[PDB]
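> Sharing a structure here in structure tokens format.
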2 protein chains.
Amino acid sequence: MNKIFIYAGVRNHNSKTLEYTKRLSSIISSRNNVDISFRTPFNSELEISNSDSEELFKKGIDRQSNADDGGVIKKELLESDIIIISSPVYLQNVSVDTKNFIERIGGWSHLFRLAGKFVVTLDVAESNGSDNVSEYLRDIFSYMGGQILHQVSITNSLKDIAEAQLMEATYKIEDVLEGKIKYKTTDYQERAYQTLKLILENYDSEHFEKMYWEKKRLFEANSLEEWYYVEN
Amino acid sequence: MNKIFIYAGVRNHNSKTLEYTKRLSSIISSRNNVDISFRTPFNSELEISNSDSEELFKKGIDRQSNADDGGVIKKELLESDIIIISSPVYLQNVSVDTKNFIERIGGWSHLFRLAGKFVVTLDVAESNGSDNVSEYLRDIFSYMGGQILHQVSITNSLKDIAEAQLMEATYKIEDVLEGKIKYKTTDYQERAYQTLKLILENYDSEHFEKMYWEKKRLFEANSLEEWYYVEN
């Protein structure tokens, strides 16, 4: 059955971002039959990332996931068809917890584990101020392989269109639930794929990322999109 | 005597960012007689910011600093002459702890409490990619009133210039220690000051920020720089 994973990087219990994220979830579940896993720092524990690049990419070792909810969160992410990530926009950047969520899955940076998944982002600002949060979330999740289905940026100054914005996001999601949209890569993703291929190909046979690419047959494919449909 | 506050948003003890920040501190101390306070997530406790904008800005309510090291950090920042902020560049953004440090002093967003202080930023990327971390740190600390004295962005490439970069930062810092450089505002800061004045002007007579501006005489000044020199 259609599975949606939602993570809201919120720490303020009176969070407006949380309110809008719950509203979006409610709209989706009321109109469609789907399995939603809604996670936040209030119902999940993700210790602050303390990984080392060397061990992480070279050996693929995660010293924290088996200590908190990192393991279950990663599992739900991979099992999901649609991923919704929401973050407050405080001081023109993502929240501490949103950055932590991203760092905790940083070990997947060069593995395209989100390929085939549709990502919807929601960022909420209480004073606007021209930020590039939506662009940042787009870059991170697309580089990880996800297709950026839709992005919603809400502002308190334009809170009157928030409802319309959430309904629009729901419409985009329904297209996926109804099978009207299929996973397609962007040029940004294909270039990242070709770039990583050349680099990893030269790595040692014992390198974790290289072994992963060989096991998943990422080297043989002609493109990331082809790889997804031909072998995945 | 002269005081320097340093905060490195690092979670891994083998952090290259920590190594370079310690190196910069060592260089300065080996050439100058100053009081340096070096803080990190290892020796300082800063719970993830959970503030609510309404309560924070309208009533000045902060339910965290008097629970951890936030209070002492704020005190040291205000008594310091120079502030050094360092952050690893992971996933093209500041670290979780650097964003947290920034959010924990977010209550000062519209108060220019860093006016008169000189800020040096250090960001370190273990990969040679693209990011706007230095620009982000510049904007945040400048808006808070600090003068961006110098910025160092270290990147792991074929040409190692890290040492030269840190020495260059040391020379800038020494010019302040010797009193050769005095606090001067930028157009960006003066524009922010005039913009805020008009906004807070219409706020409620009991609004925490409006009252700060009234009691501090920020309203009866012609510019932020004038305010600093006439009052402070």
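We did not get these values from a lab; they are worked out from the coordinates using the rules stated. When we count neighbours, we look across all protein chains shown, and the Cβ atoms used for this are built from the backbone with ideal geometry, even at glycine.
> Might you let me know whether the stretch A:64-72 holds any residue that is among the aliphatic types (A, V, I, L, M) and surrounded by fewer than 22 Cβ atoms within 10 Å (Cβ to Cβ)?
Scanning the stretch A:64-72 turns up at least one residue that is among the aliphatic types (A, V, I, L, M) and surrounded by fewer than 22 Cβ atoms within 10 Å (Cβ to Cβ).
> Right, another one. So, in the stretch B:203-213, of the ones that are in contact with a helix residue (DSSP H, G or I) (Cβ under 9 Å, 6 or more places away or on another chain) and over 26 Å from B:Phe118 (Cβ atoms), which residue ends up surrounded by the fewest Cβ atoms within 10 Å (Cβ to Cβ)?
Per the stated criteria, the residue is B:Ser205.
> Out of all the residues in the stretch A:184-201, is one or more in contact with a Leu (Cβ under 7 Å, 6 or more places away or on another chain) and acidic (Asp, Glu)?
Yes: one or more hits.
So that you can scan it fast, the table gives a plain yes or no per residue for (1) within 14 Å of chain B (Cβ to nearest Cβ); (2) surrounded by 13 or more Cβ atoms within 10 Å (Cβ to Cβ); (3) not in a loop (DSSP other than H, G, I, E, B):
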{"site": "A:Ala115", "(1), (2), (3)": "no, yes, no"}
{"site": "A:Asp123", "(1), (2), (3)": "yes, yes, yes"}
{"site": "A:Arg138", "(1), (2), (3)": "yes, yes, yes"}
{"site": "A:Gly145", "(1), (2), (3)": "no, yes, no"}
{"site": "A:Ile148", "(1), (2), (3)": "no, yes, yes"}
{"site": "A:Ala162", "(1), (2), (3)": "no, yes, yes"}
{"site": "A:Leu166", "(1), (2), (3)": "no, yes, yes"}
{"site": "A:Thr170", "(1), (2), (3)": "no, yes, yes"}
{"site": "A:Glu174", "(1), (2), (3)": "no, yes, yes"}
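> Now for a different question. Report yes if A:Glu19 is within 25 Å of A:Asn93 (Cβ to Cβ), charged (D, E, K, R) and exposed (fewer than 15 other Cβ atoms within 10 Å of the Cβ), otherwise no.
yes
> Another question about this same structure. Run down B:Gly60, B:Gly71 and say which single residue is in contact with a helix residue (DSSP H, G or I) (Cβ under 6 Å, 6 or more places away or on another chain), free of Cβ contacts under 8 Å to residues at least 12 places away in the same chain and farther than 24 Å from B:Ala162 by Cα.
So the residue among B:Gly60, B:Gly71 that is in contact with a helix residue (DSSP H, G or I) (Cβ under 6 Å, 6 or more places away or on another chain), free of Cβ contacts under 8 Å to residues at least 12 places away in the same chain and farther than 24 Å from B:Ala162 by Cα is B:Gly71.
> Taking the stretch A:201-212 as the search range and keeping residues that are part of a helix (DSSP H, G or I) and in contact (Cβ under 8 Å) with a residue 24 or more places away in the chain, which one is farthest from the chain's Cα centre (by Cα)?
For the stretch A:201-212, the residue satisfying everything is A:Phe208.
> Going through the stretch B:1-42 one residue at a time, which ones are of a type in the set (D, E, K, R), assigned to a loop (DSSP other than H, G, I, E, B) and within 13 Å of chain A (Cβ to nearest Cβ)?
B:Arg11
> Residues to consider are A:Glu103, A:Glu45; find the one that is assigned to a loop (DSSP other than H, G, I, E, B), within 14 Å of chain B (Cβ to nearest Cβ), in contact (Cβ under 8 Å) with a residue 24 or more places away in the chain and of a type in the set (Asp, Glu).
Just a single option satisfies the conditions, and that option is A:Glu45.
> Give me a count of the residues in the stretch A:74-100 that are touching a residue at least 24 places away in the same chain (Cβ under 8 Å), more than 7 Å from chain B (Cβ to nearest Cβ) and part of a helix (DSSP H, G or I).
Selection size over the stretch A:74-100: 6.
> Do we find that A:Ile61 is assigned to a helix (DSSP H, G or I) and among the aliphatic types (A, V, I, L, M) in this structure?
no
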